[PDB]
Asker: 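Below are the structure tokens for one structure; questions will follow.
Letters A, B, ... are given to chains in the order of the sequence lines, protein chains preceding strands, and every chain is numbered from 1.
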Amino acid sequence: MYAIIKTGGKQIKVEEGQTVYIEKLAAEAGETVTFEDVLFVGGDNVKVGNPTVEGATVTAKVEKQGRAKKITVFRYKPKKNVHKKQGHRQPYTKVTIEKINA
Amino acid sequence: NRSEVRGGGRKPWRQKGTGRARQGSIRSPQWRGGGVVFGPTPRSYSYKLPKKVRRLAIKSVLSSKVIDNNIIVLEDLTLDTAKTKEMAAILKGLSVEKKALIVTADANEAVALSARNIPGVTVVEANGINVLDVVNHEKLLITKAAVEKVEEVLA
Amino acid sequence: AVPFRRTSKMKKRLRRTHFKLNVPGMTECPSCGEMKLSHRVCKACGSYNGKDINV
Amino acid sequence: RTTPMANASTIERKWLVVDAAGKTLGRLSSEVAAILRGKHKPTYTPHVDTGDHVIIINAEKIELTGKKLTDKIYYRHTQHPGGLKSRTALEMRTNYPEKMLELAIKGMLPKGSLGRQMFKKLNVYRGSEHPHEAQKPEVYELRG
Amino acid sequence: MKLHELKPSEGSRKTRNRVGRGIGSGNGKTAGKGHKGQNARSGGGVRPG
Amino acid sequence: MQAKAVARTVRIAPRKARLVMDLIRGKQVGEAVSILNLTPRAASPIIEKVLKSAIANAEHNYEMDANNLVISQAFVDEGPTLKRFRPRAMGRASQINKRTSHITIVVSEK
Amino acid sequence: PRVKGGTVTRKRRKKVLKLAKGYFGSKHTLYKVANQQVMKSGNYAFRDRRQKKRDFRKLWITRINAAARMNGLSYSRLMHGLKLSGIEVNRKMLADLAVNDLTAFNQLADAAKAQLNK
RNA sequence: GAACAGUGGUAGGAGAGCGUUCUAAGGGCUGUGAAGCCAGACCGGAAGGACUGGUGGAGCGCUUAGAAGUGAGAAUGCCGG
RNA sequence: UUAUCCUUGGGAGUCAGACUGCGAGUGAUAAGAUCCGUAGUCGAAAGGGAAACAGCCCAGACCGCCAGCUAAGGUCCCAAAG
RNA sequence: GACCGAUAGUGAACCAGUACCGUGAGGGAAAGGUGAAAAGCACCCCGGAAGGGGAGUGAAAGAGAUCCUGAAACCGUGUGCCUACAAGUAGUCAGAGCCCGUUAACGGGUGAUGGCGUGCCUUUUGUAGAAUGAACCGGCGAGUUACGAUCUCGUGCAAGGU
Ligand SMILES: [K+]
Ligand SMILES: [K+]
Ligand SMILES: [K+]
Ligand SMILES: [K+]
Ligand SMILES: [K+]
Ligand SMILES: [K+]
Ligand SMILES: [K+]
Ligand SMILES: [Mg+2]
Ligand SMILES: [Mg+2]
Ligand SMILES: [Mg+2]
Ligand SMILES: [Mg+2]
Ligand SMILES: [Mg+2]
Ligand SMILES: [Mg+2]
Ligand SMILES: [Mg+2]
Ligand SMILES: [Mg+2]
Ligand SMILES: [Mg+2]
Ligand SMILES: [Mg+2]
Ligand SMILES: [Mg+2]
Ligand SMILES: [Mg+2]
Ligand SMILES: [Mg+2]
Ligand SMILES: [Mg+2]
Ligand SMILES: [Mg+2]
Ligand SMILES: [Mg+2]
Ligand SMILES: [Mg+2]
Ligand SMILES: [Mg+2]
Ligand SMILES: [Mg+2]
Ligand SMILES: [Mg+2]
Ligand SMILES: [Mg+2]
Ligand SMILES: [Mg+2]
Ligand SMILES: [Mg+2]
Ligand SMILES: [Mg+2]
Ligand SMILES: [Mg+2]
Ligand SMILES: [Mg+2]
Ligand SMILES: [Mg+2]
Ligand SMILES: [Mg+2]
Ligand SMILES: [Mg+2]
Ligand SMILES: [Mg+2]
Ligand SMILES: [Mg+2]
Ligand SMILES: [Mg+2]
Ligand SMILES: [Mg+2]
Ligand SMILES: [Mg+2]
Ligand SMILES: [Mg+2]
Ligand SMILES: [Mg+2]
Ligand SMILES: [Mg+2]
Ligand SMILES: [Zn+2]
């Protein structure tokens, strides 16, 4: 069994017991979180959403709220004395998928 | 500067043809051993505040010593012998642990001498009181005669 | 004509691939057992072809 | 993230036989180029060769429209001054039919190292018979 | 006051601008003088009036 | 067990000593002595003296057997350069680097 | 008071050379060229973080087309049909099914075919 | 804190900061190892800042304020290598 | 409907422009020519297209995303899509 | 002494107006640091010596005179990954394989192969530019100060202020 869920502005194929990194949710480590937008359920019984599978949900535990490894965004324009340096660490929420309720 | 460094009169080599950068003096500022561009020059840093601001400032720090309960008015301060041990005992008795400014009405040679060698104790006449000395000593020990003399001037 | 660019360490090292010595054409001396250049008198003991030379 | 990538361990190449007889040179070649690259496979991965081997038989029976048999010139240059040499498409199809197909397809493959590796999976034959029975090749019928 | 906790009146003191100390400042290179001409030169500029 | 010898600030250019070192690196000390003895280069007698100094150390200071020794390390490092000047045409002088070498050999039991 | 240059200069330059580790020859060794290459690396990485998104969508589309044509659909027709059937599974996910669960991909494709045949 | 809007940029104007040496006042660290130097996969939106280990062998941070010989990649720049 | 506009004061930089379209002159109704007028873009603008290509077509980069829809231009293969 | 600390500060911390250059007037350098103490390495060994390896001294000798620290360029030795069909502003993003194991992080090294990609600076209408500058590394190297003027901000007092 697996599901395609819509979280962030993105979609992720998830199995039960799978750790996934997603855009930051308003949640805390320990909290169960619920994905309500299941586009497709795979495995033995195949639900195709149109666009969503009605009544399907995926629960997940929040493991961690973090920020990713740092990106130094550096940009310059040759001959124009234009440089711009900016650090970036994108927030994420790490979740373990508990149950896919088709 | 490049005028004051020794030597450096002649052009080091001809303007054109050698393949070197053009140079005017061996003491131009990019040369090792050259003159300094705009370094320090002797000058004063003194300036005067208006006399009324000066009055305000000394009243402020005295009035701040009273708020902080760090003024000690003495009936009088009078040493028999100019002996440091006695001054140190007096300051112990008044619970003056750290730094203190001792203010007398006139020059008191014995008090001056006795406190001279104790670190962070300064003796001063009432005339000689000043903002930095007041703010830079925890306790202000002042005689009643000095208080009257300070009031006379500042009030 | 002068070098237009300096030569990198790598190109200098590639060029020196063949700048090497070879091992001498050496063989054990049958007389004294020291190594000698083949076809030369052995310097150590002065033998060549089972005869003393420096007699 | 999660997009699978084919690699040397994962990849499995079929052998295919394409009959050139009666096919238009460029229409056949464009399809074969795509097979050698692996564009027909869902596991297509742009930095490895996921393609299949292709045998082309009956290369000399390839067709060209218009006046191309007379008028399509194959130039080459020997890099010696004045060393432009030319063959017509008729001369190519008569005497060098394997080269003719190999040039068309080579020009339709990617150009660097992996492209050159992709070309090595092509095998073109003048006649109706190829020597690769041991590779057990299947007939591939060209689409539109 | 305490000499270890001195604090100027807000708005009484500003940091001086130091030109020709890099591109990030916005007065690197030409030190705010633009390009060439008499006004960019050391000792430069015409007399008042 | 290792024995080291070093010749510091020998007047020979490092590049020239390294030609010869490359012949003996990794060889058994018996073979290396032979090679150096039959290699006609300025560096050969200098490197021979270091090699023999290392063997002597191995025997005298550490009771190693000279028959079972191998050259385990062998390198040449740049010593300080003596700077000299050659007069050239048209009143110009040009630099001459009289380079020196630090020659190290380490012998060890096989 | 005089301020010697001191240690700030080498600290700053060392940091650039550390970012130039693994560059070829002088580009990992010499400050002025290491600095140019690290700068250039910034412009490239910015550009390439945008291109990466273009490149993966290109790759997914290629794979969906390959799987689609195994069900007798072109990518174009498939995507039209999926949109009509209301299916919002994206190209990253379709391409994943195409590789990992082709039977599921075929169901989605069969759903698309249904809408096109209407 | 919310909503809404905005955030390409040369000359150039404006703002907010980082770091350097020195001073004053707090407060501290250091032969149980200071500064400097070397290394690392750490931290901050940037300038930059730590931590750990090694070398080193005696000095040095921190806070607030002050003062400047205060920041280099280019000058066919100067000196040395 | 939109949010500019004016005054006073502090501080500038600029006074080599370029091409494109349209309206003129000069020229030969030549010039990637020159000189005005007018709009745009470059200058000081990265991204997509025009093979490559400051000035043309599309379009304005605060950062991140292995999401989606489109513009010009495209969909046999190189090369995404008939 | 909110002056310098050995490229600084005197040209000169040192046997410097020396050496050196010039017919001459004249020009004019470089060059500080063993250790608390010489306790400055008896003796043995290789070597003609230089220089080493031990042994001693010492807190330390990788403090042994070219002696505090000891960066970079540059020169080497070893080897984990890669490399002899490849067209390269040398990276970047994608990416197997192999080798590792950290300030424990959606880690580190290497990089077959794929996509994209004409250094930096200056000067220009416009420069990848077949325009200019830089061999490299290091150090040093450019809006300052005084006195006046004016504006903003701050503070004191205010028809007064000094
Ligand atoms: K200005
Ligand atoms: K340390
Ligand atoms: K320079
Ligand atoms: K016009
Ligand atoms: K001097
Ligand atoms: K590449
Ligand atoms: K020129
Ligand atoms: Mg003079
Ligand atoms: Mg000339
Ligand atoms: Mg000087
Ligand atoms: Mg291409
Ligand atoms: Mg300004
Ligand atoms: Mg500006
Ligand atoms: Mg600059
Ligand atoms: Mg200029
Ligand atoms: Mg001009
Ligand atoms: Mg101007
Ligand atoms: Mg002569
Ligand atoms: Mg400097
Ligand atoms: Mg924008
Ligand atoms: Mg210091
Ligand atoms: Mg300076
Ligand atoms: Mg330099
Ligand atoms: Mg005009
Ligand atoms: Mg024109
Ligand atoms: Mg301009
Ligand atoms: Mg504009
Ligand atoms: Mg543009
Ligand atoms: Mg293009
Ligand atoms: Mg440009
Ligand atoms: Mg295609
Ligand atoms: Mg100092
Ligand atoms: Mg020093
Ligand atoms: Mg001096
Ligand atoms: Mg003389
Ligand atoms: Mg040491
Ligand atoms: Mg000491
Ligand atoms: Mg030393
Ligand atoms: Mg070939
Ligand atoms: Mg090969
Ligand atoms: Mg090319
Ligand atoms: Mg021009
Ligand atoms: Mg010029
Ligand atoms: Mg040059
Ligand atoms: Zn013999």
Asker: When all nucleic acid strands are considered with a 4.0 Å heavy-atom cut-off, which category describes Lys51(B): base, sugar-phosphate, or nothing?
Answerer: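 The residue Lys51(B) makes no contact with any strand.
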Asker: When all nucleic acid strands are considered with a 4.0 Å heavy-atom cut-off, which category describes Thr3(D): base, sugar-phosphate, or nothing?
Answerer: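 Contact class for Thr3(D): base.
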Asker: Find the distance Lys70(A):NZ to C63(I):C1' and express it as a whole number of Å.
Answerer: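 Atom-to-atom, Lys70(A) to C63(I), this comes out as 13 Å.
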Asker: Have a look at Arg8(F) and say if it touches a base, only the backbone sugar-phosphate, or nothing, with a 4.0 Å heavy-atom cut-off.
Answerer: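 Sugar-phosphate, no base atom in range.
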Asker: What residue among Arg91(G), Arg63(G), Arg69(G) forms side chain to side chain donor-acceptor pair (under 3.5 Å) with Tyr75(G)?
Answerer: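 The option that passes is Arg91(G).
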Asker: Base, sugar-phosphate alone, or nothing: which one does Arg49(G) contact when heavy atoms must sit under 4.0 Å apart?
Answerer: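 Answer is sugar-phosphate: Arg49(G) comes under 4.0 Å of backbone atoms only.
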Asker: Name the nucleic acid region contacted by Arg91(G), choosing base, sugar-phosphate or nothing; use a 4.0 angstrom heavy-atom cut-off, strictly under.
Answerer: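 Sugar-phosphate, no base atom in range.
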Asker: Does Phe56(G) lie flat on the base of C66(I), that is, centres under 5.5 Å apart and planes under 30° off?
Answerer: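 Yes; by the centre-distance and plane-angle rule, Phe56(G) counts as stacking on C66(I).
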Asker: Are the six-membered base rings of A94(J) and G95(J) within the stacking limits, centres under 5.5 Å and planes under 30°?
Answerer: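 Yes, both criteria hold.
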Asker: The side chain of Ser41(G) is closest to which nucleotide in this list: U92(J), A87(J), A61(I)?
Answerer: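 When the side chain of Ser41(G) is considered, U92(J) is the closest of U92(J), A87(J), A61(I).
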Asker: Indicate, with a heavy-atom threshold strictly under 4.0 Å, whether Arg54(B) touches base, sugar-phosphate, or nothing.
Answerer: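 Nothing, no nucleic acid heavy atom in range.
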Asker: Under 3.5 Å, is there a donor-acceptor pair between the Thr10(D) and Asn7(D) side chains?
Answerer: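 Judged by distance alone, the side chains do pair up.
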Asker: If you assign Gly34(E) and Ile71(A) each to the RNA chain I nucleotide with the nearest heavy atom, which residue ends up on the more 5' nucleotide?
Answerer: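 Counting from the 5' end, the first nearest nucleotide belongs to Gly34(E).
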Asker: For a quick check of understanding: with a heavy-atom distance under 4.0 Å over all strands, which category does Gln51(G) fall into, base, sugar-phosphate or nothing?
Answerer: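 The residue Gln51(G) makes base contact.
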Asker: If you find the nucleotide of RNA chain I closest to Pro110(D) and the one closest to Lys52(G), which residue's nucleotide is nearer the 5' end?
Answerer: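 Taking each residue's closest nucleotide, the earlier one in sequence belongs to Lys52(G).
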